[PDB]
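Asks: This structure is in structure tokens; I'll ask about it shortly.
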Amino acid sequence: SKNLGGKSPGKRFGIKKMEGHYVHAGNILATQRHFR
Amino acid sequence: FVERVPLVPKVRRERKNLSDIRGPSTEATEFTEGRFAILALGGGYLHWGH
Amino acid sequence: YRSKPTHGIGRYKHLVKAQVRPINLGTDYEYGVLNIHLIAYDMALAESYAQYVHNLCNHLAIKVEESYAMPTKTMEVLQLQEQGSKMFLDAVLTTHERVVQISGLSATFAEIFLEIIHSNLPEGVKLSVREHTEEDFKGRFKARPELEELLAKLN
Amino acid sequence: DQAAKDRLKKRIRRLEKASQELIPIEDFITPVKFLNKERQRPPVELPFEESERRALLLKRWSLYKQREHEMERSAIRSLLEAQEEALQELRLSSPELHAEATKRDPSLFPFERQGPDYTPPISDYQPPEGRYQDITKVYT
Amino acid sequence: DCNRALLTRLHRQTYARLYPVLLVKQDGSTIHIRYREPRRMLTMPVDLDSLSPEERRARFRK
Amino acid sequence: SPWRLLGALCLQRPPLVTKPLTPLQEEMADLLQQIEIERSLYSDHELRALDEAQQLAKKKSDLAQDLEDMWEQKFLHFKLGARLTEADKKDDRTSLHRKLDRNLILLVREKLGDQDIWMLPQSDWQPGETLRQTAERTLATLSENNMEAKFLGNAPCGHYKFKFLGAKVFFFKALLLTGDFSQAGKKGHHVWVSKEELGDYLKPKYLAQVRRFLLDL
Amino acid sequence: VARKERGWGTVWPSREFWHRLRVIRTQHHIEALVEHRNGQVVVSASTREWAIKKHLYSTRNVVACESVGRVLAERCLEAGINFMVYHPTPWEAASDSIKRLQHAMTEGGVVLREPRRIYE
Amino acid sequence: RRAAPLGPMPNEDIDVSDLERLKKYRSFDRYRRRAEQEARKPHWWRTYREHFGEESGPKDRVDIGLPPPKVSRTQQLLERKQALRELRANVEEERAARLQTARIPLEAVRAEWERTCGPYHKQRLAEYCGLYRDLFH
RNA sequence: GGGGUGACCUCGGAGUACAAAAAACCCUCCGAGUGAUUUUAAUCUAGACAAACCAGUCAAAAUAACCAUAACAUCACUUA
Ligand SMILES: [Mg+2]
Ligand SMILES: [Mg+2]
Ligand SMILES: [Mg+2]
Ligand SMILES: [Mg+2]
Ligand SMILES: [Mg+2]
Ligand SMILES: [Mg+2]
Ligand SMILES: [Mg+2]
């Protein structure tokens, strides 16, 4: 009707590696929209 | 006198949150300056007719 | 996180806010804002005393609402030439005014403040401590020609 | 009769919704008359002895201004503590007088004040004659 | 304490030369004013203070 | 314990002339004038003076001074009012025009039955009166003249108590706008006085502390 | 070849160094430290020290700043530190005292701009 | 769900209400000093030093060496104040400091340094280079 | 919420969906189908995000040219 375009998938913005995880060089630790 | 519609009408339609009726009241539970009052033993909606 | 004991450690918007009628109770007479005007023919002296009173208020912890300048009033001196029947230009006097707007003051502190200002008043300066009213606010604005003509044709 | 009043009130409201910008101050703006004399002003060639005496005078002036500020603030503190002692004595003596004195008088709104002069006024002095006129600009 | 905020100058860049003119108002007192046109003294006249009666009186006495 | 209450008025006449400059302030004024003349761009008077001095010099090979001389002669002819009005009398210590560089206050002489005190103007009031109105009525009836005084604030400026049964005196400050003191050749000894002569005259300890809340200037 | 502390990028100053020059200019004294990445002060030169206090008047001025820079350069040459970083504020880098301090430190042998890490 | 802080919160002491009468620092340098002073305190939450090796925090180091020289602090301060007054009483030193043309006796500075405070600087430099850690542990 | 008429069909932001992620309606509201400016913004390659697939995203080290101390083009809710 009047409300259009409200359909958009989530960008999966979150924390990938938690505290204690052994990571390697280049591993993305966390993605975010604003500086969290 | 209480107005039926506020001076600025809400143009955006809001969902009917029934949580504002569900549960105990947290505000206006004690006396301010009077000595008697009308206490509500349940939940509901008050409109201009009431 | 919400359930962690370190919740709200970055909470900062409550430390800064970035988004006056007279309060007379008889004992704590903290009236409204006050306008202190310093008027002088010497622009340098007017600015000097404006800076001085501003720094004095800042040291005395008096909340200064504003520190502005009013439009200059330029008067023309027309002297009567000798033998009468003439008016010739002598000079022109440019009168400046600097206004400091403070917020709060008590009776005792206001008395002490007026004491200090009138004791440190330089030569050739008019000091006027008044209340900030609607006419004092509208004085530093423009002509309402259309608006006054509209009121005239309405009345 | 009525449509004219409607248009009148409409124009009134439209003019009221406008801005209320202030008068530009002729002191903070430099006139165009000061653009032709900047090339004709010769330098000063300040000498070393004058520079040194000026620096010494500036240091002495800083010290003197500091001392003046200190003594003025000491006098202010003395006056303030005397005022607090007087108010506490009044509060101890009688509360009614303290309550009626802790307010502001209705005669303090139009506080006018004038500073001293270079010479005292001369008795039986007469300004010869002359009229005044205001040549200040207008703005809309 | 009258000479506290008196010892200053013009704190602007582009400005003309001003001179300490002695201005005397309609009282008999003088003040020092920074003013161009280095006339050693300026006099402030008056012709609008009193009403028509005193105006005619002064005109006849002059 | 009986209690007696009294108000008192401290009237200040402000200085009408400016104080002389300390030599340090004079050196600072000379330096400031020098640097102002230096940083100045140009004045129309000196501009036209140099213009004339250049055009005449180039025309003799091919005024501003008059105006300056006229102004200098007018300044020499005009005589200003005498800033010193006390060094010529040296006798009149009760005149309002005694001192012009400092602020003065008024002292009245009173010889009571049991006390002979050089006392500041005091009054007495019933519990139905205010202290400010008491000081106003004091300056109205005791001074015996029509003088206009400006009261600063409603709060008292000084408080002094003494017990014999006790008494309290509350000193309120006031500023003088204009004083028309009639009947000046009276026996009532009223004197206008500066801070040093106050410290010289005032003998008692309760009145020797008026300098605590009175500005020194 | 040591592991520099790459990282923050959002906060200031950058912690990617081995040694770091820090100049604190109080209202009375001037203190030039050379800190390691862990925060410990390796070599410091202060106007509060008697050696410079008794030899210098007005321990705050630009002369004193240049003096403490020279003394720190000599002490760094003695300690064996030749490279460090200096990250001043945009208003401290344009000042007169800090410019002369940097010039004196450079002339004393201590060169800023720590070398690039091999295989960073 | 909410948990209680395991100690004092950082900005819990200043009053939230009536912020205008509260003094602020208008200097980035002032804020940087305050932040670098607050960052060195042993907070109860997870900090950077705890993870990146503060070296067990505070340690009671055993002192195996000669005692410090017992000097009269009062007489020392008196003679130092006298020397400073004598240095400030001159006028050529003031002229040199004003003209920004003044040199320093670096040799005498180094001598006085190694006489009064050089030992402590050498001690901290050896602690940094790890001499004690491998000589006495 | 039978078809027809009406409306919509792709992309992004907020709520629904309160705290890792995802999450629908012909659910409630904003927007996009580009402008302006110059710093005209490369090659190669570890390791990762996201995802049915197609597509989308980051990016250390190494290389050529500029300070011999940056290069992620910036702004318009920048996300479209
Ligand atoms: Mg969505
Ligand atoms: Mg979806
Ligand atoms: Mg000591
Ligand atoms: Mg159906
Ligand atoms: Mg259709
Ligand atoms: Mg995955
Ligand atoms: Mg790279």
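Chains as they are written, first to last, in the entry's author numbering: chain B0, 39 to 74; chain BQ, 52 to 101; chain Bk, 48 to 66, 77 to 212; chain Bd, 17 to 156; chain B4, 35 to 96; chain Bj, 43 to 104, 116 to 217, 227 to 279; chain BS, 61 to 180; chain Bb, 27 to 163. A virtual CB, placed ideally from N, CA and C, is assigned to each residue, including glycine.
Listing by chain order, which chain Bj residues have their CB less than 9 Å from the CB of residue 118 (chain Bd)?
Replies: Chain Bj residues near residue 118 (chain Bd): 207 and 208.
Asks: How about residue 159 (chain Bk) and residue 91 (chain Bk): do their beta carbons lie closer than 8 Å?
Replies: Contact: yes.
Asks: Is residue 141 (chain Bb) a contact residue of ligand 3, with contact defined as CB to any heavy atom under 7 Å?
Replies: Flag unset: Cβ of residue 141 (chain Bb) not near ligand 3.
Asks: So which residues of chain Bk does residue 85 (chain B4) contact, with C-beta pairs closer than 7 Å?
Replies: Under the 7 Å cutoff, chain Bk gives no residues; its nearest Cβ is about 19 Å from residue 85 (chain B4).
Asks: So, does the CB of residue 100 (chain Bb) fall closer than 8 Å to a CB anywhere in chain BS?
Replies: False, the Cβ-Cβ gap to chain BS never drops below 8 Å.
Asks: Go through the residues and name those whose CB comes closer than 6 Å to any heavy atom of ligand 3, in chain order.
Replies: Cβ-based neighbours of ligand 3 within the cut-off: 99 (chain Bb), 102 (chain Bb) and 103 (chain Bb).
Asks: Going along chain Bj, which residues have a C-beta under 9 Å from residue 56 (chain Bd)?
Replies: By Cβ distance, chain Bj contributes 83, 84, 89 and 92.
Asks: Taking 8 Å as the CB-CB cut-off, is residue 106 (chain Bk) touching chain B4?
Replies: Chain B4, which has a Cβ nearer than 8 Å to the Cβ of residue 106 (chain Bk), makes this yes.
Asks: Output yes if chain Bj places a C-beta closer than 8 Å to the C-beta of residue 75 (chain Bd); else output no.
Replies: Residue 75 (chain Bd) does not count as touching chain Bj.
Asks: Buried or exposed: residue 95 (chain Bj), going by 16 or more other Cβ atoms within 10 Å of its Cβ?
Replies: Residue 95 (chain Bj) should be labelled exposed.
Asks: Out of 67 (chain Bj), 205 (chain Bj) and 161 (chain Bj), state which residue places its alpha-carbon closest to the alpha-carbon of residue 127 (chain Bd).
Replies: Of the candidates 67 (chain Bj), 205 (chain Bj) and 161 (chain Bj), the one whose C-alpha sits nearest the C-alpha of residue 127 (chain Bd) is 205 (chain Bj).
Asks: Under 8 Å, with one C-beta from each stretch per pair, do the stretch 173 to 192 of chain Bk and the stretch 92 to 110 of chain Bk reach the 3-pair mark?
Replies: Yes: at least three Cβ pairs fall under 8 Å.
Asks: Under 9 Å, CB to CB, which of the residues in the stretch 120 to 152 of chain Bd have a partner in chain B4?
Replies: For the stretch 120 to 152 of chain Bd, which is checked against every Cβ of chain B4, the residues closer than 9 Å are 131, 132, 133, 134, 135, 136, 137, 138, 139, 140, 141, 142, 143, 144, 145, 146, 147 and 148.
Asks: Residues of chain BS with CB under 7 Å from residue 228 (chain Bb), in chain order?
Replies: For residue 228 (chain Bb) there is no data in the structure shown, the boundaries of chain Bb being 27 and 163.
Asks: Examine ligand 1 and report whether any of its heavy atoms sits within less than 7 Å of the Cβ of residue 44 (chain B0).
Replies: Under cutoff, so the answer is yes.
Asks: The beta strand (DSSP E) with residue 150 (chain Bj) in it runs from where to where?
Replies: Looking at the DSSP string, residue 150 (chain Bj) is not in any beta strand (DSSP E), and its letter there is neither H nor E.
Asks: What number of angstroms, rounded off, separates the C-alpha of residue 141 (chain Bd) from the C-alpha of residue 182 (chain Bj)?
Replies: Rounded to the nearest angstrom, the two C-alpha atoms are 45 Å apart.
Asks: Report the rounded CA-to-CA distance for residue 124 (chain Bd) versus residue 147 (chain Bj), giving the unit in angstroms.
Replies: Rounded to the nearest angstrom, the two C-alpha atoms are 30 Å apart.
Asks: Using the Cα positions of residue 132 (chain BS) and residue 119 (chain Bb), report the straight-line distance between them to the nearest angstrom.
Replies: So the two alpha carbons sit approximately 22 Å from each other.
Asks: How about residue 98 (chain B4): is its C-beta nearer than 8 Å to some C-beta of chain Bd?
Replies: Here chain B4 comprises residues numbered 35 to 96, so residue 98 (chain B4) is not present and cannot be evaluated.
Asks: Where do the ends of the alpha helix (DSSP H) carrying residue 148 (chain Bk) lie?
Replies: Premise fails: residue 148 (chain Bk) lies in the beta strand (DSSP E), 145 to 159, not in any alpha helix (DSSP H).
Asks: In terms of residue numbering, what span does the alpha helix (DSSP H) encompassing residue 147 (chain Bd) cover?
Replies: Looking at the DSSP string, residue 147 (chain Bd) is not in any alpha helix (DSSP H); the run it does join, the beta strand (DSSP E), is 146 to 150.
Asks: At 8 Å on the CB atoms, spell out the chain Bd contacts of residue 231 (chain Bj), in chain order.
Replies: Simply none; closest approach about 11 Å.
Asks: On a CA-only basis, which of 44 (chain Bj), 50 (chain Bj), 55 (chain Bj) and 46 (chain Bj) is nearest residue 201 (chain Bj)? Give me that one, please.
Replies: The residue with the shortest Cα to Cα distance from residue 201 (chain Bj) is 55 (chain Bj).
Asks: Is the Cβ-Cβ distance between residue 171 (chain BS) and residue 143 (chain BS) less than 8 Å?
Replies: Result yes, Cβ atoms of residue 171 (chain BS) and residue 143 (chain BS) sit closer than 8 Å.
Asks: Examine ligand 2 and report whether any of its heavy atoms sits within less than 7 Å of the Cβ of residue 47 (chain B0).
Replies: Checking the Cβ of residue 47 (chain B0) against ligand 2 gives yes.
Asks: Beta carbon of residue 272 (chain Bj), beta carbon of residue 173 (chain Bj): below 8 Å?
Replies: It is a contact, given that the beta carbons lie within the stated cut-off.
Asks: Could you check how far apart the C-beta atoms of residue 128 (chain BS) and residue 147 (chain Bb) are, in whole angstroms? I think they sit under 8 Å.
Replies: So it is not a contact: roughly 14 Å between Cβ atoms.
Asks: Between residue 85 (chain Bk) and residue 121 (chain BS), what straight-line distance do the alpha-carbon atoms span, to the nearest angstrom?
Replies: Their Cα atoms are separated by approximately 49 Å.
Asks: Please name the residue, chosen from 208 (chain Bj), 118 (chain Bj), 168 (chain Bj) and 116 (chain Bj), that lies closest to residue 120 (chain Bd) on a Cα-to-Cα basis.
Replies: Taking only the C-alpha atoms, the option nearest residue 120 (chain Bd) is 208 (chain Bj).
Asks: Determine the direct distance from the alpha carbon of residue 205 (chain Bk) to that of residue 212 (chain Bk), and round the result to whole angstroms.
Replies: Residue 212 (chain Bk) and residue 205 (chain Bk): Cα-Cα distance of roughly 10 Å.
Asks: I'd like to check one pair, residue 131 (chain Bj) with residue 75 (chain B4): are the Cβ atoms closer than 8 Å?
Replies: Going by C-beta atoms, residue 75 (chain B4) is nearer than 8 Å to residue 131 (chain Bj).
Asks: Per DSSP, what kind of secondary structure is residue 130 (chain Bj) in: helix, strand or coil?
Replies: Helix.
Asks: Report the residues of the stretch 118 to 147 of chain Bk with a CB closer than 7 Å to any CB of chain Bj, ordered along the chain.
Replies: Within the stretch 118 to 147 of chain Bk, no residue has a Cβ that lies closer than 7 Å to any Cβ of chain Bj.
Asks: Measuring alpha carbon to alpha carbon, tell me which of 49 (chain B4), 53 (chain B4) and 83 (chain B4) ends up nearest residue 10 (chain Bd).
Replies: Because residue 10 (chain Bd) is not part of the residues shown, which for chain Bd are 17 to 156, the question remains open.
Asks: Between the stretch 236 to 252 of chain Bj and the stretch 149 to 167 of chain Bj, are three or more C-beta pairs nearer than 8 Å?
Replies: Cβ pair count under 8 Å is three or more, so yes.
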